[PDB]
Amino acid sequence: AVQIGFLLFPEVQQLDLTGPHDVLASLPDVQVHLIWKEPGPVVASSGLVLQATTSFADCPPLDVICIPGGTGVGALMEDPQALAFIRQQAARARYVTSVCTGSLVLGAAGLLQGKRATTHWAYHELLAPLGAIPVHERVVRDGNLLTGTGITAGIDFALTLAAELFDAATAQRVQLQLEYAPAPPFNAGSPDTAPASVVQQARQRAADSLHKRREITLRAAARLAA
């Protein structure tokens, strides 16, 4: 059985996780784990309560590890236990992946040094201090590292992983079973296509979080410099 693990942490953006989870759980001969320090409830940023299934110590060696984003990444970027677990699993994983601000966690773990990567548009300036080569694309692949942006990026890259782990016909069958053919009613999903007034409102709402995240990023970068 292919072993796929998602890190599930307090204040996660749950869709970053639940999207790819439902796709990958559709595949044959896969086991999906929701990993935290202990099994039990974990509350997402929206208040939705999820359940971690395994601890760091009990988690089997993973073939795929996926780091979701969300408000809670700031704490994770300075959690030595979580960072050590991610480094241990990434050493042997076939695929290391992240969604949204999850790539900042990979950065704090040292896994982006010299690698092309992306993250959520409002936090993109934080990739370079973590050693990454920042790339403004929706999905960025550097070796076995995939980083993606947007709330379907984990769905979109899960279909890519299905095609490589199995075959293209399997990925297409899953897409058809899920009738996945998105058609958003607006075209404001990127700062390059949204109206300028909307971009301003979004940047203003993220300003305090960005300010705090920069402080955290500099401390995380200092640990990598040692």
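The first residue of the shown sequence is 1; numbering continues from there.
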Quick check on the record: does 118-126 or 81-89 carry the larger mean Cα temperature factor? 81-89
So 31-39 or 66-74, which one's hotter by mean CA B-factor in the entry? 31-39
Based on what the PDB entry reports, which of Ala132, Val139, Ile155, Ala109 has the top C-alpha B-factor? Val139
Could you check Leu48, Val199, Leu178, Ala169 and tell me which one carries the biggest Cα B-factor in the deposited entry? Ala169
Please place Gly102 in the lowest, middle or highest third of its chain according to the CA B-factor in the PDB entry. lowest
Ranked C-alpha temperature factor of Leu165 among modelled chain residues, by third: highest
Chain thirds of CA B-factor: placement of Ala1: highest
Assert third(CA B-factor, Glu11) within chain per record equals lowest
By the record's CA B-factor, is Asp22 among the lowest, middle or highest third of residues in the chain? middle
